[PDB]
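Shown below, as structure tokens, is a lone chain in the form deposited in one PDB entry; questions about how it binds or moves come after it.
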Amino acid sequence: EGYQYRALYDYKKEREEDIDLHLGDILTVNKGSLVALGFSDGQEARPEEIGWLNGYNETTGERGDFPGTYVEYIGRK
């Protein structure tokens, strides 16, 4: 069970490793990604506290990095 987020705003990628977010897009992030960043204390539910995340854009079908301040925690699956 990875964590799911939803875009609040459009983000245009910068680095080669980023991805584009469009308003409404749904993304999943693997739990291991957050663990290996030292994120116990439940930051997963407050992504703006994380800075950058890495996951899969369920909507566009791409993978890469994206700002935590652009998304909204919607649960898990």
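So that there is no doubt, residue numbering starts at 1 and follows the sequence shown.
From this point on, the text means the form deposited with a partner chain bound, which you will not see here.
Engineer: Taking the partner chain as it sits in the deposited bound form, is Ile26 near enough to touch it, meaning that at least one heavy atom pair lies within 4.5 angstroms?
Structural biologist: So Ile26 does not count as contacting the partner chain.
Engineer: Is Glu58 close enough to the partner chain in the deposited bound form to count, meaning some heavy atom within 4.5 Å?
Structural biologist: Flag for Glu58 set to no.
Engineer: So in the deposited bound form, does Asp20 come within 4.5 Å of the partner chain, heavy atom to heavy atom?
Structural biologist: The answer is no: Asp20 has no heavy atom within 4.5 Å of the partner chain.
Engineer: Check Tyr70 for me: does it contact the partner chain in the deposited bound form (non-hydrogen atoms, 4.5 angstroms)?
Structural biologist: The answer is yes: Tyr70 has a heavy atom within 4.5 Å of the partner chain.
Engineer: Identify which of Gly38, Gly42, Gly51, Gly32 has a heavy atom within 4.5 Å of the partner chain in the deposited bound form; exactly one of them does.
Structural biologist: Result of the distance check: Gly51.
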